[PDB]
Amino acid sequence: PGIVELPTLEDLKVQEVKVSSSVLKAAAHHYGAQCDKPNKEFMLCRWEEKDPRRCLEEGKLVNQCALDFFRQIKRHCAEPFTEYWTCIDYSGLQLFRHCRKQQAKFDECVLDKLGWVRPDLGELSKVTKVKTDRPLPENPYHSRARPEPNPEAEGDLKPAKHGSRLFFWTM
Amino acid sequence: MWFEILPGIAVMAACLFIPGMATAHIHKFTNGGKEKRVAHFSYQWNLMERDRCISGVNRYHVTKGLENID
């Protein structure tokens, strides 16, 4: 049925984040509220294009933008960050309700050195009007042409010519 | 007297007590200090497999922070 052409191995070398889950989830909200610009249009690319291959250009940017956020903490209160994310992992659910004191310590540090405020409840869960440059695909499913529907029935009803016309029956 | 129930029932207080100690201690031992990560849904399992894959040493229970990121 054809060619399954896919991107080469050349473009699949991004500076992959080397962190673990706990440190990923320890920041989470601040990372989500400070790196939304590359997240939104890339995810919008994932939905609109309906194909992973066409969103490689945005796929690397979100990973790259993560590093700029991540190393920004290293030049700042990363020691409170280490104490935080090294206390989250100890819980099996990776739950924040048991690490509230370090939640404050990370928040109070990031509040003034950088200014990333704590996202209020429900703020992340919000549809956003992400600006984009790419035009919308003409057919995201690459749908082919459509069969022409059968001609529509019309015309005023007329009495059945010569009645029932079934064997000898008339009228 | 009635206190003679205590050392006979204390065996239960030892029998039904070490399984929790065995599990809890080995959970910290098998998973290296931290308790075993639970995955009741596919998202948590995807997190664990990512942690195991990123570990390099190929264990989910060893985590790396900002030190690798340069």
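Residues numbered from 1 in each chain as written, not as in the entry; some residues may be left out. Chains lettered and ligands numbered in written order. Part of a larger assembly, values for the part shown. Heavy atoms only, no water.

Looking at the PDB entry, one finds chain B named NADH dehydrogenase [ubiquinone] 1 alpha subcomplex subunit 1 and attributed to Sus scrofa. Looking at the PDB record, one finds the entry titled "In-situ complex I, Deactive class06".

By the naming in the PDB entry, chain A is NADH dehydrogenase [ubiquinone] 1 alpha subcomplex subunit 8, taken from Sus scrofa. Looking at chain A in UniProt, the text filed under Subcellular location (unreviewed entry) is "Mitochondrion intermembrane space". According to the UniProt record, the Sequence similarities (unreviewed entry) comment for chain A reads "Belongs to the complex I NDUFA8 subunit family." (UniProt positions renumbered as here; feature names shortened; annotations may be inferred.)

Draft legend 1. Examining a nonpolar patch on the surface more closely. Together, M1, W2, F3, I5, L6, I9, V11, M12 and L16 of chain B make up a nonpolar patch on the protein surface, roughly 1,000 Å² of accessible area in all. When you line up the elements, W2 of chain B lands in the segment before helix 1 (5-15). (Patch = residues over 30% accessible without salt bridge, like charges linked within 9 Å, V, L, I, M, F, W, Y side chains within 5 Å. Areas by Shrake-Rupley, 256 points an atom, 1.4 Å probe, with all protein chains shown as cover. Salt bridge = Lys/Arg side-chain N within 4 Å of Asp/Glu carboxyl O. Helix = DSSP H or I, 4+ residues; strand = E, 2+ residues; numbered from the N terminus.)

Draft legend 2. Representation of the layout of surface pockets. Put simply, the largest pocket is a space of about 1,200 Å³. Lining the largest pocket are 39 residues, with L24, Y31, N39 and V62 of chain A together with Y43 of chain B sitting closest to its centre. Secondary structure elements with two or more residues in the lining of the largest pocket: helix 1 (21-27), helix 2 (29-34), helix 3 (36-48) and helix 4 (56-74) of chain A together with helix 3 (42-55) of chain B. (1 Å grid on protein atoms, 1.4 Å probe; cavity = no way out; pocket = protein on both sides within 12 Å on 5 of 7 lines; lining within 4 Å. Points joined across faces, edges and corners; volume = space filled by probe spheres on them.)

Draft legend 3. Up close: the state of the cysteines. All names here are of chain A. Within the structure shown, the criterion is met by two disulfides over all chains. Each sulfur of the disulfide joining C45 and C55 lies 2.0 Å from the other. Here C45 and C55 share a disulfide; its torsion about the S-S bond, -90 degrees, makes the bridge left-handed. Of this pair, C45 sits in helix 3 while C55 is found in the loop between helix 3 and helix 4, placing the two residues 10 residues apart along the sequence. An identical accessibility class is assigned to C45 and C55; each is buried. (Disulfide = S-S within 2.5 Å. Buried < 20%, exposed > 50% of the residue type's maximum accessible area, 1.4 Å probe, protein only.)

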